[PDB]
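Shown here: input39.pdb, PDB, N, CA and C atoms.
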MODEL        1
ATOM      1  N   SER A1054     137.493 214.085  99.311  1.00  0.00           N
ATOM      2  CA  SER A1054     137.776 214.627  97.986  1.00  0.00           C
ATOM      3  C   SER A1054     136.625 214.340  97.026  1.00  0.00           C
ATOM      4  N   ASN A1055     136.223 215.360  96.274  1.00  0.00           N
ATOM      5  CA  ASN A1055     135.133 215.220  95.316  1.00  0.00           C
ATOM      6  C   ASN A1055     135.672 215.016  93.904  1.00  0.00           C
ATOM      7  N   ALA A1056     135.586 213.782  93.417  1.00  0.00           N
ATOM      8  CA  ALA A1056     136.063 213.453  92.079  1.00  0.00           C
ATOM      9  C   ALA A1056     134.991 213.730  91.031  1.00  0.00           C
ATOM     10  N   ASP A1057     135.284 213.378  89.784  1.00  0.00           N
ATOM     11  CA  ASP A1057     134.344 213.589  88.689  1.00  0.00           C
ATOM     12  C   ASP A1057     133.469 212.357  88.480  1.00  0.00           C
ATOM     13  N   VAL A1058     132.863 211.877  89.560  1.00  0.00           N
ATOM     14  CA  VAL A1058     131.999 210.704  89.495  1.00  0.00           C
ATOM     15  C   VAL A1058     130.550 211.072  89.792  1.00  0.00           C
ATOM     16  N   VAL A1059     130.362 212.134  90.570  1.00  0.00           N
ATOM     17  CA  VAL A1059     129.025 212.592  90.929  1.00  0.00           C
ATOM     18  C   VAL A1059     128.270 213.096  89.704  1.00  0.00           C
ATOM     19  N   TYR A1060     129.015 213.537  88.696  1.00  0.00           N
ATOM     20  CA  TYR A1060     128.415 214.047  87.469  1.00  0.00           C
ATOM     21  C   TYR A1060     128.469 213.001  86.360  1.00  0.00           C
ATOM     22  N   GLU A1061     129.401 212.061  86.489  1.00  0.00           N
ATOM     23  CA  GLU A1061     129.557 211.002  85.497  1.00  0.00           C
ATOM     24  C   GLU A1061     128.511 209.910  85.697  1.00  0.00           C
ATOM     25  N   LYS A1062     128.712 209.085  86.718  1.00  0.00           N
ATOM     26  CA  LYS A1062     127.786 207.999  87.019  1.00  0.00           C
ATOM     27  C   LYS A1062     128.130 207.345  88.355  1.00  0.00           C
ATOM     28  N   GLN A1063     127.482 207.809  89.418  1.00  0.00           N
ATOM     29  CA  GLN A1063     127.720 207.269  90.752  1.00  0.00           C
ATOM     30  C   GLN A1063     127.384 205.782  90.804  1.00  0.00           C
ATOM     31  N   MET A1064     126.603 205.322  89.833  1.00  0.00           N
ATOM     32  CA  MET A1064     126.210 203.919  89.767  1.00  0.00           C
ATOM     33  C   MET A1064     125.497 203.496  91.048  1.00  0.00           C
ATOM     34  N   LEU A1065     124.946 204.470  91.763  1.00  0.00           N
ATOM     35  CA  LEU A1065     124.236 204.196  93.008  1.00  0.00           C
ATOM     36  C   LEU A1065     122.788 203.801  92.733  1.00  0.00           C
ATOM     37  N   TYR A1066     122.230 204.331  91.650  1.00  0.00           N
ATOM     38  CA  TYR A1066     120.852 204.034  91.277  1.00  0.00           C
ATOM     39  C   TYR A1066     120.625 202.529  91.184  1.00  0.00           C
ATOM     40  N   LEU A1067     121.706 201.786  90.969  1.00  0.00           N
ATOM     41  CA  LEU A1067     121.626 200.334  90.861  1.00  0.00           C
ATOM     42  C   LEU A1067     121.535 199.689  92.240  1.00  0.00           C
ATOM     43  N   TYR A1068     122.333 200.192  93.175  1.00  0.00           N
ATOM     44  CA  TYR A1068     122.343 199.664  94.535  1.00  0.00           C
ATOM     45  C   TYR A1068     121.045 200.008  95.261  1.00  0.00           C
ATOM     46  N   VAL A1069     120.505 201.187  94.969  1.00  0.00           N
ATOM     47  CA  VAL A1069     119.264 201.635  95.591  1.00  0.00           C
ATOM     48  C   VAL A1069     118.062 200.899  95.011  1.00  0.00           C
ATOM     49  N   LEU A1070     118.143 200.563  93.729  1.00  0.00           N
ATOM     50  CA  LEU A1070     117.060 199.857  93.053  1.00  0.00           C
ATOM     51  C   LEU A1070     117.032 198.387  93.461  1.00  0.00           C
ATOM     52  N   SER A1071     118.213 197.808  93.653  1.00  0.00           N
ATOM     53  CA  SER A1071     118.324 196.408  94.043  1.00  0.00           C
ATOM     54  C   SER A1071     117.896 196.214  95.495  1.00  0.00           C
ATOM     55  N   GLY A1072     118.098 197.244  96.308  1.00  0.00           N
ATOM     56  CA  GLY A1072     117.728 197.166  97.710  1.00  0.00           C
ATOM     57  C   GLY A1072     116.230 197.266  97.919  1.00  0.00           C
ATOM     58  N   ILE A1073     115.584 198.141  97.156  1.00  0.00           N
ATOM     59  CA  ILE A1073     114.143 198.330  97.263  1.00  0.00           C
ATOM     60  C   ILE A1073     113.387 197.148  96.665  1.00  0.00           C
ATOM     61  N   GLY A1074     113.985 196.520  95.656  1.00  0.00           N
ATOM     62  CA  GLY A1074     113.355 195.380  95.015  1.00  0.00           C
ATOM     63  C   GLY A1074     113.415 194.129  95.868  1.00  0.00           C
ATOM     64  N   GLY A1075     114.501 193.978  96.619  1.00  0.00           N
ATOM     65  CA  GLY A1075     114.657 192.813  97.471  1.00  0.00           C
ATOM     66  C   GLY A1075     113.768 192.868  98.697  1.00  0.00           C
ATOM     67  N   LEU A1076     113.550 194.071  99.214  1.00  0.00           N
ATOM     68  CA  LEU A1076     112.714 194.257 100.395  1.00  0.00           C
ATOM     69  C   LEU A1076     111.244 194.020 100.064  1.00  0.00           C
ATOM     70  N   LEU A1077     110.819 194.501  98.901  1.00  0.00           N
ATOM     71  CA  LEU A1077     109.437 194.339  98.466  1.00  0.00           C
ATOM     72  C   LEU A1077     109.120 192.872  98.193  1.00  0.00           C
ATOM     73  N   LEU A1078     110.088 192.158  97.628  1.00  0.00           N
ATOM     74  CA  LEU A1078     109.914 190.744  97.317  1.00  0.00           C
ATOM     75  C   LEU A1078     109.943 189.900  98.587  1.00  0.00           C
ATOM     76  N   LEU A1079     110.618 190.408  99.614  1.00  0.00           N
ATOM     77  CA  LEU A1079     110.721 189.700 100.885  1.00  0.00           C
ATOM     78  C   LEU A1079     109.418 189.804 101.672  1.00  0.00           C
ATOM     79  N   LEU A1080     108.780 190.966 101.599  1.00  0.00           N
ATOM     80  CA  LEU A1080     107.523 191.195 102.304  1.00  0.00           C
ATOM     81  C   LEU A1080     106.370 190.479 101.605  1.00  0.00           C
ATOM     82  N   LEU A1081     106.437 190.414 100.280  1.00  0.00           N
ATOM     83  CA  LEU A1081     105.401 189.754  99.492  1.00  0.00           C
ATOM     84  C   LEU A1081     105.558 188.238  99.546  1.00  0.00           C
ATOM     85  N   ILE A1082     106.803 187.779  99.599  1.00  0.00           N
ATOM     86  CA  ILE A1082     107.089 186.352  99.657  1.00  0.00           C
ATOM     87  C   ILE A1082     106.709 185.771 101.014  1.00  0.00           C
ATOM     88  N   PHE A1083     106.856 186.576 102.060  1.00  0.00           N
ATOM     89  CA  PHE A1083     106.528 186.142 103.413  1.00  0.00           C
ATOM     90  C   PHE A1083     105.016 186.084 103.613  1.00  0.00           C
ATOM     91  N   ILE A1084     104.311 187.054 103.040  1.00  0.00           N
ATOM     92  CA  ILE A1084     102.860 187.112 103.156  1.00  0.00           C
ATOM     93  C   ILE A1084     102.193 186.098 102.231  1.00  0.00           C
ATOM     94  N   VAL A1085     102.805 185.870 101.072  1.00  0.00           N
ATOM     95  CA  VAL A1085     102.272 184.922 100.103  1.00  0.00           C
ATOM     96  C   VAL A1085     102.436 183.486 100.590  1.00  0.00           C
ATOM     97  N   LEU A1086     103.480 183.249 101.377  1.00  0.00           N
ATOM     98  CA  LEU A1086     103.749 181.920 101.911  1.00  0.00           C
ATOM     99  C   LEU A1086     102.931 181.664 103.173  1.00  0.00           C
ATOM    100  N   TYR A1087     102.636 182.731 103.907  1.00  0.00           N
ATOM    101  CA  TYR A1087     101.860 182.621 105.137  1.00  0.00           C
ATOM    102  C   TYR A1087     100.365 182.569 104.834  1.00  0.00           C
ATOM    103  N   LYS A1088      99.992 183.037 103.649  1.00  0.00           N
ATOM    104  CA  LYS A1088      98.594 183.043 103.234  1.00  0.00           C
ATOM    105  C   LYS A1088      98.223 181.729 102.553  1.00  0.00           C
ATOM    106  N   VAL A1089      99.131 181.217 101.728  1.00  0.00           N
ATOM    107  CA  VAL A1089      98.900 179.966 101.018  1.00  0.00           C
ATOM    108  C   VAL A1089      98.870 178.784 101.983  1.00  0.00           C
ATOM    109  N   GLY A1090      99.614 178.905 103.078  1.00  0.00           N
ATOM    110  CA  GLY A1090      99.659 177.840 104.064  1.00  0.00           C
ATOM    111  C   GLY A1090     101.068 177.334 104.306  1.00  0.00           C
ATOM    112  N   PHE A1091     101.998 177.751 103.456  1.00  0.00           N
ATOM    113  CA  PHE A1091     103.390 177.332 103.580  1.00  0.00           C
ATOM    114  C   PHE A1091     103.922 177.626 104.979  1.00  0.00           C
ATOM    115  N   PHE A1092     103.907 178.901 105.356  1.00  0.00           N
ATOM    116  CA  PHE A1092     104.390 179.315 106.668  1.00  0.00           C
ATOM    117  C   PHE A1092     103.355 179.014 107.749  1.00  0.00           C
ATOM    118  N   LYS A1093     102.196 178.521 107.327  1.00  0.00           N
ATOM    119  CA  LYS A1093     101.122 178.189 108.256  1.00  0.00           C
ATOM    120  C   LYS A1093     101.357 176.823 108.893  1.00  0.00           C
ATOM    121  N   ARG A1094     102.453 176.176 108.509  1.00  0.00           N
ATOM    122  CA  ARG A1094     102.791 174.863 109.043  1.00  0.00           C
ATOM    123  C   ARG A1094     104.138 174.898 109.760  1.00  0.00           C
ATOM    124  N   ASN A1095     104.331 175.915 110.594  1.00  0.00           N
ATOM    125  CA  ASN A1095     105.575 176.066 111.341  1.00  0.00           C
ATOM    126  C   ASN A1095     105.481 177.226 112.329  1.00  0.00           C
ATOM    127  N   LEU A1096     106.250 177.141 113.408  1.00  0.00           N
ATOM    128  CA  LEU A1096     106.255 178.183 114.428  1.00  0.00           C
ATOM    129  C   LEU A1096     107.300 179.248 114.115  1.00  0.00           C
ATOM    130  N   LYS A1097     106.885 180.283 113.392  1.00  0.00           N
ATOM    131  CA  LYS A1097     107.784 181.371 113.027  1.00  0.00           C
ATOM    132  C   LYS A1097     108.382 182.023 114.269  1.00  0.00           C
ATOM    133  N   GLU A1098     109.426 182.822 114.069  1.00  0.00           N
ATOM    134  CA  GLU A1098     110.088 183.506 115.174  1.00  0.00           C
ATOM    135  C   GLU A1098     109.888 185.015 115.076  1.00  0.00           C
ATOM    136  N   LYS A1099     109.791 185.516 113.849  1.00  0.00           N
ATOM    137  CA  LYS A1099     109.599 186.942 113.616  1.00  0.00           C
ATOM    138  C   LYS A1099     110.721 187.753 114.258  1.00  0.00           C
ATOM    139  N   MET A1100     111.959 187.340 114.010  1.00  0.00           N
ATOM    140  CA  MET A1100     113.119 188.032 114.562  1.00  0.00           C
ATOM    141  C   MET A1100     113.241 189.437 113.982  1.00  0.00           C
ATOM    142  N   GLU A1101     114.122 190.241 114.570  1.00  0.00           N
ATOM    143  CA  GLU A1101     114.332 191.609 114.111  1.00  0.00           C
ATOM    144  C   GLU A1101     115.504 192.255 114.844  1.00  0.00           C
ATOM    145  N   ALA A1102     116.659 192.287 114.188  1.00  0.00           N
ATOM    146  CA  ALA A1102     117.856 192.877 114.776  1.00  0.00           C
ATOM    147  C   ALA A1102     117.789 194.400 114.741  1.00  0.00           C
ATOM    148  N   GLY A1103     118.474 195.039 115.686  1.00  0.00           N
ATOM    149  CA  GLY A1103     118.479 196.489 115.747  1.00  0.00           C
ATOM    150  C   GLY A1103     119.838 197.078 115.429  1.00  0.00           C
TER
ENDMDL
END
In structure tokens, write the structure found in this file.
Amino acid sequence: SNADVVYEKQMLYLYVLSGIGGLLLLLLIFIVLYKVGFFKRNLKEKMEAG
């Protein structure tokens, strides 16, 4: 059923913005820690679920 929310405010722009911001901060935080030496003092696993 299509309600009157698609024209009002799906409020999805918030979920999509929060998701893109967290991923970018995760990639930058991992590289910033591995470059400074933080992650350079441990045997990472580099996991990745499918």
**Request:** Figure out the distance between atom CA of residue 1095 of chain A and atom CA of residue 1082 of chain A, please, to one decimal in Å.
**Result:** 15.6 Å
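Take atom N of residue 1084 of chain A and atom CA of residue 1099 of chain A: the distance between them is 11.8 Å.
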**Request:** Could you jot down the atom CA of residue 1071 of chain A to atom N of residue 1083 of chain A separation for me, Å, one decimal place?
**Result:**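 Distance between the two atoms: 17.1 Å.
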Mind working out the centre and edge lengths of an axis-aligned box for segment 1071-1078 of chain A, all listed atoms inside, 3 Å added to each side, rounded to one decimal in Å and written as lines of an AutoDock Vina configuration file?
center_x = 113.7
center_y = 194.1
center_z = 97.0
size_x = 15.2
size_y = 14.4
size_z = 12.7
**Message:** Write out as a ChimeraX atom specification the set of residues from chain A that DSSP, computed on the backbone, places in alpha helix (DSSP H).
**Reply:** /A:1065-1089
